[PDB]
Amino acid sequence: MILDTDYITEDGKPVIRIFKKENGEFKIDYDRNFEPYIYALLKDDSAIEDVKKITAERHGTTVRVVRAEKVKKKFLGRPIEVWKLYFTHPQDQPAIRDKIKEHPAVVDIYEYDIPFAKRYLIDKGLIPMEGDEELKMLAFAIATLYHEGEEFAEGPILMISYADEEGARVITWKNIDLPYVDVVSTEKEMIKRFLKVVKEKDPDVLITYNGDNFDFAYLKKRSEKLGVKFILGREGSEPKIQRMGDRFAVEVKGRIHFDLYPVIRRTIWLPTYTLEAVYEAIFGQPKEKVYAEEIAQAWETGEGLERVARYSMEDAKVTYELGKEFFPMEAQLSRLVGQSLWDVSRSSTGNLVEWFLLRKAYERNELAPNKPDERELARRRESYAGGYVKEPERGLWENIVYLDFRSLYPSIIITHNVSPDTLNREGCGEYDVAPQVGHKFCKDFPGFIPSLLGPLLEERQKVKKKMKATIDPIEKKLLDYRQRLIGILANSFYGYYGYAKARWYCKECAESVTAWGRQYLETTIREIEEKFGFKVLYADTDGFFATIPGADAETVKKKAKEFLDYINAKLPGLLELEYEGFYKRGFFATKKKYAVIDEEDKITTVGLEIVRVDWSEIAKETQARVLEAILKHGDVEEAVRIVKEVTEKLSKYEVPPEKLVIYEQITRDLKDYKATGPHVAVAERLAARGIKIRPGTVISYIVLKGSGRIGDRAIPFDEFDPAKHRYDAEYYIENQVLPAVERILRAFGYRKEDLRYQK
C-alpha cells in the first residue's frame with residue numbers, strides 16, 4: 001500500500017519519495033529519474049529550436065529545456081500536436097514558462113502547474129491506499145495552561161493525551177492517582193514520553209482534531225523553548241507545516257496526519273464545530289467541555305486535576321473513535337481520486353473532481369486545459385438556473401409516494417453526450433438539442449466526460465452488488481463507502497461544469513443539463529397526472545411527491561409502480577424513475593419546506609426544524625409535538641391546542657424551568673455581535689467564575705424576569721434556583737416557542753395571534 005509521495009532536492013536534483021506499507025513493513029522507495037515537463041503548442045515546428053535555446057536565470061544557475069519531443073494528443077474533441085518540454089527541476093518551470101509563453105510562435109503552454117509528486121502518482125499509474133494492509137492508528141490531544149494576553153504557547157503543555165487500541169492515557173507532570181494518567185517529572189519529559197510512545201507504537205496514522213492549527217504548532221513552540229527535537233516522522237524530521245488558505249496544515253513524513261476538523265466540517269453540517277459538538281452529533285452520547293480558565297485554576301490548585309485529566313483522556317478516546325469512523329471513508333476516497341489520504345481529506349470537492357479528471361486525461365492521452373486566468377475567471381461569473389421547483393399543494397394529505405430520478409444529472413450527461421468537446425461541433429451527423437438554451441451536442445463520438453461517467457455508474461452498481469452479497473459487515477461498510485463516494489463523484493460533474501476554477505469548464509454544458517432536468521421532471525409530472533390520475537403535491541428538481549386523491553394506500557403504491565414501468569419505457573437512455581418511498585401523511589408548507597411521516601411513524605422534515613444558536617428544549621419539544629399531532633394523529637386542531645396549553649403553562653409558570661435552558665453557541669468574541677441580549681448578561685455572570693466567553697464556548701442559560709428589556713437578565717442554570725428566580729415567560733413564548741412552530745401552523749392558515757391566549 002502506498003501511503004504518500006513527496007520529493008527532496010539533492011544537489012539541485014529532484015528525488016521522488018514513495019512512502020509504503022507492505023506485509024506490515026514501512027518502506028521508502030526513491031526515484032531519481034522522474035522528469036518534470038510541460039507542453040507547448042507551436043505555430044511552426046521550426047520554432048522549437050528557438051525554444052530549446054531559451055534560458056531563465058534562477059539563483060544564479062542557467063536553467064534551460066533539457067529536451068523536447070513532439071507528441072500527439074487529444075484536446076477538446078480535436079487532435080492536437082504539441083511539444084513536451086523537459087526540465088531538470090520542477091521548480092525550474094515557473095522561471096522559464098513565462099519566457100517560453102513570450103515566444104511569438106508559442107500559442108500556449110499546458111500542464112505547467114501540477115505539483116511534482118502528484119504528477120508522479122498520476123503518470124506512474126500509482127493509487128494511494130490500495131489493498132488490504134492493516135494500518136495502525138493513534139490519536140492524540142493536548143491541554144495547555146492558558147492566560148489572557150499571553151502569546152501563543154507562552155504557557156506549558158499540561159497534558160498530552162493519546163488513545164488507540166489498548167485504550168486512552170494521559171501524560172502529565174503533576175500527580176493524579178487516576179489509573180489512566182502517567183506522571184513524569186517535567187513538561188520536557190512529558191514531551192519526550194510522547195515522542196517515545198510514538199516511536200514504539202509506530203502508527204501509520206496520527207489522528208488529531210484540529211492538529212493542523214493547534215496541537216502541532218503548540219508542541220513545536222514548546223519543544224523549541226525546552227530544546228527538544230520534535231521527531232515524529234519515521235524519516236527523522238519534525239512535522240512540516242504547509243499553508244492552505246490563511247490557515248495551515250501539518251504533514252508527518254512516513255505517517256498520515258489525519259486531522260478530523262476539515263473532514264467533519266465538510267461532512268455533517270453542525271451549527272458549531274467543537275470536538276463536543278462533533279461527538280454528540282455523530283455518536284449520540286454527550287461530552288463535557290472544561291474551559292481553559294478552569295484548567296488554569298485546577299493546575300495551580302491541588303484537586304480538580306482529576307476532572308481535567310478525565311477531559312484530556314476524553315479528548316483522546318473520542319478523536320480515535322471519530323477517526324475510526326471517518327478514516328475508511330477517506331481511504332476509499334483516496335483510492336477513487338488517486339491521491340494521498342493527506343491531500344484527499346483536506347481538499348474541496350471541485351478540487352477532488354479535477355484530480356480524478358487529470359488522472360483520467362493522462363490515461364486517455366487527453367491534454368488538460370489550463371485553469372483560468374484572473375480575467376477569464378471573472379468572466380465565468382454567471383448565475384445558474386437551478387432545477388424545477390413546484391409551488392406545493394397546501395394542507396394535509398395522505399397516501400403519498402416520493403418518486404425520483406436515478407442519478408438525474410449523470411444520466412443526462414451520458415444520455416445526451418454533454419461535454420465541452422461535443423458542443424456545437426460542425427458537420428455533425430447526430431446531435432441532441434438541449435431544451436431552452438438550444439446547445440447542440442454531437443453524438444458521433446463519446447464525449448470525454450460522458451465516457452468517464454459511464455464506467456463510474458457501472459462500477460457503482462457492481463459495488464452495490466458486492467456489498468449485498470458479502471456477509472462480512474466490515475467489508476459491507478467499506479463497499480458501502482466506496483459506492484456512496486462513486487455516487488458523489490458522479491453527481492459532482494454537473495457542478496464542475498459551472499465551477500469557475502475548472503479546467504474542463506463548460507457553461508453551456510451546465511445550462512443544458514439543468515434544462516434537460518427541468519424537461520424530464522415536468523413531462524414526467526404531466527404524465528402521471530394525465531395518464532394515471534395522480535395529483536402531484538410538490539416537486540423539487542429530481543423528484544416529486546404524489547397521491548391518488550381518495551385511493552387507499554395499496555392502490556397508490558400499486559399504481560405508482562405501474563407508472564414507473566410505463567414512464568421508464570418512454571424515458572430515453574439512462575433516464576429512469578424509481579419508487580423511493582411511501583408516506584402515509586404529509587404536508588407541504590412552501591417550496592423547500594415540508595414534513596412527512598412514513599409507515600414506521602418516522603417523521604422527516606425539511607426547512608422547518610430548528611437551526612439556531614438559541615435552541616431550547618421547550619421549543620424542540622413543542623415543535624416536535626405539533627408535528628406529531630399533525631402527522632401521527634392527523635389532527636391540526638390539537639396541534640394548535642398544544643401551543644395554547646404550552647404558552648399558558650409558560651405564563652402561569654407551570655413549566656419545568658430547565659427545559660428552558662438555551663444552549664447557545666458563540667460566533668464572534670463578545671463585542672456585541674448581537675447588539676445586546678442574554679449573552680452579554682451571562683458573560684458578566686460567568687466572569688465571576690473567572691471564565692471569558694470566546695468563539696465556541698457553548699453558553700447554557702435561562703432568561704429571567706428582570707428590569708430593563710425582556711431577555712436582558714440571564715444566568716447560567718448553575719446559578720438558577722427555583723426561589724428568588726422566575727424565568728421571563730414572555731421571552732420563552734415570543735423568542736423560543738412560537739418561532740419554532742409559527743411556520744408549520746401558518747401552513748394550516750393559523751397566525752401567531754391564534755397560538756396563545758391571555759387577556
# chains A, B, ... in the order shown; residues from 1 in each chain; ligands from 1
$ select_by_dssp --residues "region 267-501 of chain A" --states "helix (DSSP H, G or I)" --output "number ranges by chain"
A: 275-280, 292-300, 305-337, 341-344, 349-363, 374-379, 408-415, 420-422, 448-469, 473-491, 493-498
$ select_by_dssp --residues "region 213-299 of chain A" --states "strand (DSSP E or B)" --output "list in words"
residues 240, 241, 242, 243, 248, 249, 250, 251, 256, 257, 258 and 259 of chain A
$ residues_around --residues "region 19-29 of chain A" --least-positions-apart "3" --cutoff "12 Å" --atoms "only C-alpha atoms" --output "JSON, numbers by chain"
{"A": [1, 2, 3, 4, 5, 6, 7, 15, 16, 32, 117, 121, 126, 127, 128, 129, 130, 131, 132, 133, 134, 135, 136, 202, 203, 204, 205, 233, 234, 235, 252, 253, 254, 255, 256, 340]}
$ residues_around --residues "residue 336 (chain A)" --least-positions-apart "3" --cutoff "12 Å" --atoms "only C-alpha atoms" --output "tab-separated table (two decimals) with N, CA, C and O atoms, in the first residue's frame"
chain	number	residue	atom	x	y	z
A	126	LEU	N	0.04	5.01	-10.16
A	126	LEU	CA	0.03	4.55	-8.78
A	126	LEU	C	-1.21	5.10	-8.08
A	126	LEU	O	-1.69	6.20	-8.38
A	127	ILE	N	-1.76	4.31	-7.14
A	127	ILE	CA	-3.01	4.63	-6.48
A	127	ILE	C	-2.82	4.52	-4.98
A	127	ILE	O	-2.55	3.43	-4.47
A	128	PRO	N	-2.95	5.61	-4.22
A	128	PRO	CA	-2.76	5.53	-2.76
A	128	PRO	C	-3.85	4.71	-2.11
A	128	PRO	O	-4.98	4.65	-2.61
A	129	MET	N	-3.51	4.07	-0.99
A	129	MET	CA	-4.48	3.41	-0.12
A	129	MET	C	-5.11	2.16	-0.75
A	129	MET	O	-6.26	1.81	-0.44
A	130	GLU	N	-4.39	1.46	-1.61
A	130	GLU	CA	-4.92	0.26	-2.25
A	130	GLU	C	-4.53	-1.00	-1.50
A	130	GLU	O	-3.37	-1.15	-1.09
A	329	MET	N	-13.73	5.87	5.13
A	329	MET	CA	-14.29	6.77	4.13
A	329	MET	C	-13.20	7.47	3.34
A	329	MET	O	-13.23	7.49	2.10
A	330	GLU	N	-12.22	8.06	4.03
A	330	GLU	CA	-11.19	8.80	3.32
A	330	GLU	C	-10.20	7.88	2.62
A	330	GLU	O	-9.65	8.24	1.57
A	331	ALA	N	-9.96	6.69	3.16
A	331	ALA	CA	-9.17	5.71	2.43
A	331	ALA	C	-9.86	5.36	1.11
A	331	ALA	O	-9.23	5.38	0.04
A	332	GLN	N	-11.18	5.08	1.15
A	332	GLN	CA	-11.92	4.86	-0.09
A	332	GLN	C	-11.86	6.07	-1.01
A	332	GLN	O	-11.73	5.92	-2.23
A	333	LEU	N	-11.96	7.28	-0.44
A	333	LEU	CA	-11.92	8.47	-1.29
A	333	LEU	C	-10.55	8.63	-1.94
A	333	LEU	O	-10.46	9.03	-3.11
A	339	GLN	N	-5.24	10.07	-5.15
A	339	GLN	CA	-4.31	10.95	-4.45
A	339	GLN	C	-4.26	10.55	-2.98
A	339	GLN	O	-5.11	9.80	-2.48
A	340	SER	N	-3.25	11.07	-2.29
A	340	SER	CA	-2.97	10.61	-0.94
A	340	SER	C	-4.11	10.96	-0.01
A	340	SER	O	-4.81	11.97	-0.20
A	341	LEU	N	-4.24	10.16	1.05
A	341	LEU	CA	-5.25	10.47	2.05
A	341	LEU	C	-5.03	11.85	2.64
A	341	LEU	O	-6.01	12.59	2.86
A	344	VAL	N	-6.37	14.26	0.09
A	344	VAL	CA	-7.79	13.98	-0.14
A	344	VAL	C	-8.64	14.60	0.97
A	344	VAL	O	-9.61	15.32	0.70
A	352	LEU	N	-11.12	17.76	-5.82
A	352	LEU	CA	-11.03	16.30	-5.98
A	352	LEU	C	-11.58	15.84	-7.32
A	352	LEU	O	-11.13	14.82	-7.86
A	353	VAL	N	-12.55	16.56	-7.88
A	353	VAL	CA	-13.02	16.15	-9.19
A	353	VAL	C	-11.90	16.33	-10.21
A	353	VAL	O	-11.69	15.48	-11.09
A	355	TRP	N	-8.58	16.29	-9.77
A	355	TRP	CA	-7.51	15.31	-9.69
A	355	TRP	C	-7.93	13.97	-10.28
A	355	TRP	O	-7.11	13.30	-10.92
A	356	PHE	N	-9.20	13.57	-10.06
A	356	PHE	CA	-9.76	12.42	-10.78
A	356	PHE	C	-9.67	12.63	-12.29
A	356	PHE	O	-9.26	11.72	-13.03
A	357	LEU	N	-10.05	13.83	-12.76
A	357	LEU	CA	-10.06	14.11	-14.19
A	357	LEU	C	-8.64	14.15	-14.76
A	357	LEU	O	-8.39	13.62	-15.86
A	359	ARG	N	-6.14	12.48	-13.72
A	359	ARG	CA	-5.64	11.12	-13.85
A	359	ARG	C	-6.25	10.45	-15.08
A	359	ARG	O	-5.56	9.74	-15.83
A	360	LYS	N	-7.53	10.71	-15.34
A	360	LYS	CA	-8.21	10.10	-16.48
A	360	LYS	C	-7.69	10.67	-17.79
A	360	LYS	O	-7.52	9.94	-18.78
A	456	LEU	N	-18.10	4.93	-14.22
A	456	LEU	CA	-18.35	5.19	-12.80
A	456	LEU	C	-19.70	4.61	-12.38
A	456	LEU	O	-19.77	3.78	-11.46
A	459	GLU	N	-19.56	0.86	-12.33
A	459	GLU	CA	-18.81	0.41	-11.17
A	459	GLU	C	-19.62	0.55	-9.88
A	459	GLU	O	-19.59	-0.33	-9.01
A	460	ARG	N	-20.35	1.66	-9.74
A	460	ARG	CA	-21.18	1.84	-8.56
A	460	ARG	C	-22.13	0.67	-8.36
A	460	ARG	O	-22.27	0.15	-7.24
A	481	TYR	N	-19.16	2.66	1.63
A	481	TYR	CA	-18.47	3.94	1.46
A	481	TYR	C	-18.04	4.13	0.01
A	481	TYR	O	-18.31	5.18	-0.59
A	482	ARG	N	-17.36	3.12	-0.57
A	482	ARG	CA	-16.94	3.18	-1.97
A	482	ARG	C	-18.12	3.50	-2.89
A	482	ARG	O	-18.05	4.38	-3.76
A	483	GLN	N	-19.22	2.79	-2.69
A	483	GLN	CA	-20.41	3.03	-3.50
A	483	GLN	C	-20.88	4.48	-3.38
A	483	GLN	O	-21.02	5.19	-4.38
A	484	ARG	N	-21.09	4.96	-2.14
A	484	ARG	CA	-21.55	6.34	-1.94
A	484	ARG	C	-20.57	7.34	-2.55
A	484	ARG	O	-20.99	8.36	-3.13
A	485	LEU	N	-19.27	7.10	-2.36
A	485	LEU	CA	-18.28	8.03	-2.87
A	485	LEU	C	-18.31	8.08	-4.40
A	485	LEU	O	-18.22	9.17	-4.99
A	486	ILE	N	-18.48	6.92	-5.05
A	486	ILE	CA	-18.63	6.96	-6.50
A	486	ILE	C	-19.81	7.82	-6.89
A	486	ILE	O	-19.72	8.62	-7.84
A	487	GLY	N	-20.91	7.74	-6.13
A	487	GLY	CA	-22.10	8.50	-6.49
A	487	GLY	C	-21.95	9.99	-6.25
A	487	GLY	O	-22.47	10.81	-7.01
A	488	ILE	N	-21.26	10.37	-5.17
A	488	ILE	CA	-20.95	11.78	-5.01
A	488	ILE	C	-20.04	12.26	-6.13
A	488	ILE	O	-20.30	13.29	-6.76
A	489	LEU	N	-18.97	11.51	-6.43
A	489	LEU	CA	-18.15	11.87	-7.58
A	489	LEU	C	-19.03	12.09	-8.81
A	489	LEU	O	-19.08	13.20	-9.36
A	490	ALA	N	-19.79	11.05	-9.22
A	490	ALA	CA	-20.59	11.16	-10.44
A	490	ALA	C	-21.57	12.33	-10.38
A	490	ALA	O	-21.81	12.98	-11.40
$ residues_around --residues "residue 640 (chain A)" --least-positions-apart "3" --cutoff "8 Å" --atoms "only C-alpha atoms" --output "mmCIF file with C-alpha atoms, in the first residue's frame"
data_model
loop_
_atom_site.group_PDB
_atom_site.id
_atom_site.type_symbol
_atom_site.label_atom_id
_atom_site.label_comp_id
_atom_site.auth_asym_id
_atom_site.auth_seq_id
_atom_site.Cartn_x
_atom_site.Cartn_y
_atom_site.Cartn_z
ATOM 1 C CA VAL A 626 -47.285 19.736 16.934
ATOM 2 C CA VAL A 636 -54.204 20.022 13.187
ATOM 3 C CA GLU A 637 -56.556 21.487 15.811
ATOM 4 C CA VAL A 643 -49.313 25.546 21.550
ATOM 5 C CA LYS A 644 -52.011 27.301 23.579
ATOM 6 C CA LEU A 745 -49.075 26.315 11.625
ATOM 7 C CA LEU A 755 -51.441 30.378 19.076
#
$ residues_around --residues "region 724-731 of chain A" --least-positions-apart "2" --cutoff "6 Å" --atoms "only C-alpha atoms" --output "MDAnalysis selection string"
chainID A and resid 650:651 703:705 722 733:735
$ write_last_selection --atoms "N, CA and C atoms" --output "short mmCIF file (atom, residue, chain, number, x, y, z; two decimals), in the first residue's frame"
data_model
loop_
_atom_site.label_atom_id
_atom_site.label_comp_id
_atom_site.auth_asym_id
_atom_site.auth_seq_id
_atom_site.Cartn_x
_atom_site.Cartn_y
_atom_site.Cartn_z
N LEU A 650 -46.47 28.31 30.29
CA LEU A 650 -45.26 29.13 30.45
C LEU A 650 -45.52 30.38 31.27
N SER A 651 -46.70 30.99 31.11
CA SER A 651 -47.05 32.23 31.80
C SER A 651 -47.60 31.99 33.20
N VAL A 703 -33.40 32.62 30.99
CA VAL A 703 -33.71 34.04 30.87
C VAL A 703 -34.77 34.39 31.90
N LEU A 704 -34.48 35.39 32.73
CA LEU A 704 -35.24 35.65 33.95
C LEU A 704 -36.03 36.95 33.82
N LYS A 705 -37.14 37.04 34.56
CA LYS A 705 -37.77 38.35 34.69
C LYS A 705 -36.78 39.30 35.34
N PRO A 722 -35.06 27.58 42.06
CA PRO A 722 -36.46 27.96 41.96
C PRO A 722 -37.01 28.81 43.10
N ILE A 733 -42.04 32.50 25.22
CA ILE A 733 -43.14 32.37 24.28
C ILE A 733 -42.78 33.01 22.93
N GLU A 734 -42.40 34.28 22.94
CA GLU A 734 -42.16 35.01 21.70
C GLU A 734 -40.79 34.75 21.07
N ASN A 735 -39.83 34.20 21.80
CA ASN A 735 -38.48 34.02 21.25
C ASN A 735 -38.11 32.56 21.02
#
$ closest_residue --among "A:118, A:147, A:751, A:222" --to "residue 691 (chain A)" --atoms "only C-alpha atoms"
A:147
$ residues_around --residues "region 429-432 of chain A" --least-positions-apart "5" --cutoff "9 Å" --atoms "only C-alpha atoms" --output "ChimeraX atom specification"
/A:416-418,424,439-444
$ atom_distance --atom1 "CA of residue 558 (chain A)" --atom2 "CA of residue 630 (chain A)"
26.0 Å
$ atom_distance --atom1 "CA of residue 392 (chain A)" --atom2 "CA of residue 530 (chain A)"
18.1 Å
$ atom_distance --atom1 "CA of residue 411 (chain A)" --atom2 "CA of residue 574 (chain A)"
5.0 Å
